[PDB]
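Visitor: Once you've had a glance at the structure underneath, I'll fire off some questions.
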């Protein structure tokens, strides 16, 4: 089943000012996934969609493309937060959209 | 901006055993929306995608199609829970997917 996790499964919380790598492991390859961040608010934010070919699409109002990197690394999807700051905290999820049905990963809490 | 709300804005909580109607008001028409439910868990569930033509697509493992009705009613999207039961409680959101970018509504808490 679908999970979003820290690349470093040993860490419990992200470090302020460090690069943060998350991994999404999708039940299906050759379907892309979207990374999203949920505030403690509950408020939901789209970060990036990664195609099976590692093509990325970011939101239009754009700090995002400069603060996050998306890629597919052999069967799994990756999201990198270049410098993890306070405004990046939240619960991160992977979403796959296959035949107009959505599939959600388990979330990864990322709070100092 | 995008909001999911009770059709009856006067009510604070859904009634056990009553039909529940929610409304999604999308920044864009002639794009469909997906309804999702989030547990208190944080766990996310796809309910249904409604096309701009009121065409519905439900999950494959299917209690869902029999317990929820989706439609577009003049500019807004509607989700009906036929008989609202304990297992239907959660925070409901609308999602639009336009050019591989996702847009999320504010959520509507639905708990007794």
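Note: ideal-geometry Cβ built from the backbone for every residue, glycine included; neighbour counts use all protein chains shown. FYI, it's all coordinate maths here, none of it is from the lab.
Visitor: Among the residues of segment B:97-108, what is the count of those that are in a strand (DSSP E or B), under 21 Å from residue A:39 (Cβ atoms) and in contact (Cβ under 8 Å) with a residue 40 or more places away in the chain?
Guide: Adding up the residues that qualify gives 5.
Visitor: Right, next: So in segment B:70-89, with the set limited to residues that are in a strand (DSSP E or B) and surrounded by fewer than 16 Cβ atoms within 10 Å (Cβ to Cβ), which one is farthest from the chain's Cα centre (by Cα)?
Guide: It comes out as B:73.
Visitor: Right, another one. Considering only segment B:64-79, I want to know if a residue exists there that is touching a helix residue (DSSP H, G or I) at 6+ places or on another chain (Cβ under 9 Å), more than 9 Å from chain A (Cβ to nearest Cβ) and either touching a residue at least 24 places away in the same chain (Cβ under 8 Å) or within 25 Å of residue A:31 (Cα to Cα) (or both).
Guide: There is at least one residue in segment B:64-79 that is touching a helix residue (DSSP H, G or I) at 6+ places or on another chain (Cβ under 9 Å), more than 9 Å from chain A (Cβ to nearest Cβ) and either touching a residue at least 24 places away in the same chain (Cβ under 8 Å) or within 25 Å of residue A:31 (Cα to Cα) (or both).
Visitor: While we're looking at this one, here's another question. Count, please, the residues in segment B:90-110 that happen to be within 12 Å of the chain's Cα centre (by Cα), over 18 Å from residue A:103 (Cα atoms), at the interface with chain A (Cβ under 8 Å from one of its Cβ atoms) and surrounded by fewer than 20 Cβ atoms within 10 Å (Cβ to Cβ).
Guide: 1
Visitor: Moving to a separate point now. Within the group B:6, B:46, which residue is buried (at least 16 other Cβ atoms within 10 Å of the Cβ), within 14 Å of another protein chain (Cβ to nearest Cβ) and either under 16 Å from residue B:90 (Cα atoms) or without any contact (Cβ under 8 Å) to a residue 60 or more places away in the chain (or both)?
Guide: B:46 is the lone residue from the list that is buried (at least 16 other Cβ atoms within 10 Å of the Cβ), within 14 Å of another protein chain (Cβ to nearest Cβ) and either under 16 Å from residue B:90 (Cα atoms) or without any contact (Cβ under 8 Å) to a residue 60 or more places away in the chain (or both).
Visitor: Pairs needed: first member in segment B:83-96, closer than 12 Å to residue B:111 by Cβ; second member anywhere, assigned to a loop (DSSP other than H, G, I, E, B); C-beta distance under 6 Å; at least 6 residues apart or different chains.
Guide: B:84/B:14; B:84/B:18; B:89/B:111; B:90/B:39; B:91/B:107
Visitor: Further question on the same structure: If we scan segment A:12-19, do we find a residue that is crowded, with 18+ Cβ neighbours inside 10 Å, more than 26 Å from residue B:36 (Cα to Cα) and either touching a residue at least 24 places away in the same chain (Cβ under 8 Å) or within 9 Å of chain B (Cβ to nearest Cβ) (or both)?
Guide: yes
Visitor: Condition check: free of Cβ contacts under 8 Å to residues at least 12 places away in the same chain and within 25 Å of residue A:35 (Cα to Cα). Does residue B:37 satisfy that?
Guide: Answer is no for this residue.
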